[PDB]
Amino acid sequence: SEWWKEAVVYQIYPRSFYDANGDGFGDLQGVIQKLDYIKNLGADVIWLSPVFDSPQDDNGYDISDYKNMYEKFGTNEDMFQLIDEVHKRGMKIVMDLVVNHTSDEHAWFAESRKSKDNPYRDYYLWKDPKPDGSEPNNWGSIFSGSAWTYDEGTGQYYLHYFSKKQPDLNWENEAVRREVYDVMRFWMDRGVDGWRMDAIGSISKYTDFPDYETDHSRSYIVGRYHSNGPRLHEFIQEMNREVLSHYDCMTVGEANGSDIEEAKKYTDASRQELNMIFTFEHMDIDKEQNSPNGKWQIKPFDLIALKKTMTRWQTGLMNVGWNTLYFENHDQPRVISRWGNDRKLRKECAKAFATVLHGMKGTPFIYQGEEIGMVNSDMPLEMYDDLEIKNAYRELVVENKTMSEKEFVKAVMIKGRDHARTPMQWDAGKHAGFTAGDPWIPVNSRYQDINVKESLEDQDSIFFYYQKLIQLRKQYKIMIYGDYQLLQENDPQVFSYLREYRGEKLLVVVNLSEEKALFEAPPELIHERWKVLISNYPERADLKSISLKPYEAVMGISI
Ligand SMILES: [Ca+2]
């Protein structure tokens, strides 16, 4: 019944969504002007990536003021208008709560770093060097190198799981927890309907700061201590009591480090923590388990791995907790370029991934441009902006030489976060109609073929297929509330599953390959009668045997 169970969320990356004022940078009035597009697609919740003041070292995820906008986005007045405009359309708005860390340019850190007696000293995590001057331990940053940076003025290191310009907050300090709760109330009292909680898995530290054990492949290590800390769930339960229980809200945690048991801790309603989380396990199927090259040590797409991972999540949260459903966000490449065909079969592939995802139990998330089949960019490496890439090149290619330049370029072309961050493609005109000026990063060179304007003129578009999926969700309660059973589990091409609710069945059959495949219903389903709800090819309704063309996707309901 809860609105968030029945929602479809559209994720905006606002610097890349619409530039209303011509500076090349997407803005809050831009978002306003495109709200009717999102409403017409059908999404009823928007998640806005962070627009708070920030020096932009990590494109807004390094916050220097939680109570004001970054000037290129607009002012608080424009934010308040956006909240009001969202509400007027019967929609909800979720903001990005970034409270594992702040910018080093936040007033709190500028103060903390001055002296050991500063009142903000213990807002962050400061530790003495080892006796040889080296770092307190061997922990690494997610953006390469050490998780510790030295401050000459006070003789201590500070912790940062992310960039050196993202010092981690000290959640052991009650003053810090109180500062966070007051930020949350400020915005929720002003109409924000919930939060996406950035790196929420990291807020509790192992306060002994133990070294990782090692066998020798790397100097700095990112591992189990970087998430799922001993006080994590205590802190989120306190957040619930102090803040979330006082509002009609939605929460989604970006649960780095999460496995299915951790997800039950976050999401079981009886624990009074969060409503849902993002996991990375389905996004992690195409990296090697633990290479020094991390995410950049790529493996080919393995459908059986995807099936097994997603099924573990569907079954684990079937009757407790709640799933998020996503393949794209501002941190992930375009799924059709990563794992499918983004050329002659692009429309069929995009619709196929959409069908697998939207037929599951949980809340779907559509990332800007996914609904039109946006693709990875062919831009050269020198055009990429992401500090993750810049830092990984220097560590992996230049310094440690654990990847060649050619290997690393290839990996970036597949997984770079910037594939998600090139401007939204509105039309075929200059800069895809994203700006009249010069965009902050180039528009994908394929935009004249892939844009909203052409999609709305094509009844076979990916857009209309997404719009139909979202309508179907609203019409067929089985899509929200049904259980889940994987079918024909061993097929290396076909992802097929069944939902059941109140005597109805929903069969989802998707060929996630470029070659022909065959689905045969299991014996218990062979005498069912079906109506086809949606297909990405022209179709019929004898779903007991389906000869599947490349990327063919079908969803049928029992009648
Ligand atoms: Ca602008």
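Hydrogens, waters and symmetry mates play no part in the numbers below; they use all other heavy atoms, side chains included. Counting from 1, the numbers follow the sequence of the chain as shown. Counting starts at 1 for both ligands and their atoms, in listed order.
The nearest N/O/S atom of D27 to the Ca ion (ligand 1) is OD2. The Ca ion (ligand 1) lies closest to atom OD1 when only the N/O/S atoms of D19 are considered.
In this structure, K347 forms no cation-pi arrangement with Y465, as its terminal cationic atom is not both closer than 6.0 Å to the ring centre and no more than 45° off the ring axis. Cation-pi geometry between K72 and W440 is not met at under 6.0 angstrom from the ring centre and within 45 degrees of the axis.
Remark: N376 CG to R338 CZ distance equals 9.5 Å, nearest 0.5 Å.
Residue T149 is tested with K164, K165, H160 for a side chain to side chain donor-acceptor pair (under 3.5 Å); the sole match is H160.
The Ca ion (ligand 1) has an N, O or S atom of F25 inside 3.0 Å of it. Residue side and main chain included, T435 places no N/O/S atom under 3.0 Å of the Ca ion (ligand 1).
Taking the six-membered ring where the residue is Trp, the centroids of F353 and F327 are separated by under 6.0 Å.
In this structure, OD1 of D23 and OD1 of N21 enclose an angle of 80° at the Ca ion (ligand 1), rounded to 10°.
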